[PDB]
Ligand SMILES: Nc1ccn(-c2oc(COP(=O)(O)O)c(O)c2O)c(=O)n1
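Take a look at this single chain, the form deposited without the named molecule, given in structure tokens.
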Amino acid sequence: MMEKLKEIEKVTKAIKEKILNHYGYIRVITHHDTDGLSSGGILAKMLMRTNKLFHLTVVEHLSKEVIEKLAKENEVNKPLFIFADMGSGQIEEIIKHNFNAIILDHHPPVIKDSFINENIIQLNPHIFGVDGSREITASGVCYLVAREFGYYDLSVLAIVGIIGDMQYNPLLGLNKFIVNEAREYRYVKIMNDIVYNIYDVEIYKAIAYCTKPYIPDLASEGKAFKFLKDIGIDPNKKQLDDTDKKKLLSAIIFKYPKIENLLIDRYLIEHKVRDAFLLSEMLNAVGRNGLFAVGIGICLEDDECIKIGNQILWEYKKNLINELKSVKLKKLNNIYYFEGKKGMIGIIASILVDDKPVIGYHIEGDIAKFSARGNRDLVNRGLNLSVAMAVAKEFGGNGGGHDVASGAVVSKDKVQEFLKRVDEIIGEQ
């Protein structure tokens, strides 16, 4: 696996030189999810340390119209663009408008070349046989560029993105290399513990609003409080010691023997928000609320942005529980689907996935926007939701993403769009 790095480090060195020798404006474009906001934080610290002022914007999707704006910015002062978690699928539109660009993306690539042309460098793990759905995230790609400057301290934000892209269990490939590098440089410590201990709130609240795992029967303050009381745990304590953890573990496993992932490898990172899993949920909640600049500030360890993050996190977690209780899951051939709120579609889908893919959507203006999630086991059986969702180009829209998670657009042909997607997932399976 060391041989993979050496092929990668030839691109990350070319990227380093491209940044060092650029003295004009710099545009950084990222997504608003945990992994995208984490990417932006890594790039922000990296660019400031190399004396680069820059302009970051956060877009929910790198649509063609987003690309046509941004293209007008080239007319005078053509920036160096840095795309994170995007660009690889839109590479033809980027070549067409002739951006000077660095693409830092773990989505399946359309052109499988690192050095597109004179103007473009594409760092994509898939180009090197590393699986961007399981072995590195966009944050991790950004970190590989940062470590050429020796910014090993930025590995903690790579860890946050590992957690936010659901690549932390199991920990494979480059992700596991990054985690080990962080531990060796003393920026992270690893500690097995019960998931509820990461929140540092009263345990009945930590249980009530937990969604990994989500347990409907305990998903309320009253029912968690009584559950803890009935087994001899102070529900008002903020951390569970070893006696309490063992009582809680076996009581939950007795009445819910299906349950999984109650014990996790917690990552305590060198960051004002020391628990990486907490920080991941904070960035997510803040992104889903449109608080892009706050999220970047959290990455930069600003106290007030972190205060806002904590308050947004718990409003979100309460909203999410209310929404999970109210969701009407509908059944087709071999996908489930539902309708929900904008900043909630993707997480509810990944919460509820079990035997078959789940595809949520919310209605915004004149179009519907979809998030589907599979499993690793479903992808092992041949799923691939990026092929499946891109059939939006049959209903006048567009789509793509990862094999295990993808989104789509257009428009008011939803159920017309759904009965197609369920058909491809038949043949793929």
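When you see a residue number, it is the position in the sequence shown, counting from 1.
Unshown form deposited with the named molecule bound; subsequent notes refer to it.
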Quiz item: Which residue among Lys45, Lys52, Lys369, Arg27 has a heavy atom within 4.5 angstroms of the named molecule in the bound PDB entry?
Solution: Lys369
Quiz item: Does the named molecule come within 4.5 Å of any heavy atom of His126 in the bound PDB entry?
Solution: no
Quiz prompt | Contact flag, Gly399 vs the named molecule in the bound PDB entry, heavy atom cut 4.5 Å | solution = yes
Quiz item: Should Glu281 be classed as touching the named molecule in the bound PDB entry when contacts are defined as heavy atoms within 4.5 Å?
Solution: no
Self-check item: Partner proximity in the bound PDB entry: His107 to the named molecule, non-hydrogen atom cutoff 4.5 Å
Solution: yes
Quiz item: Hey, which residues along 13-31 are within 4.5 angstroms of the named molecule in the bound PDB entry, non-hydrogen atoms only?
Solution: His31
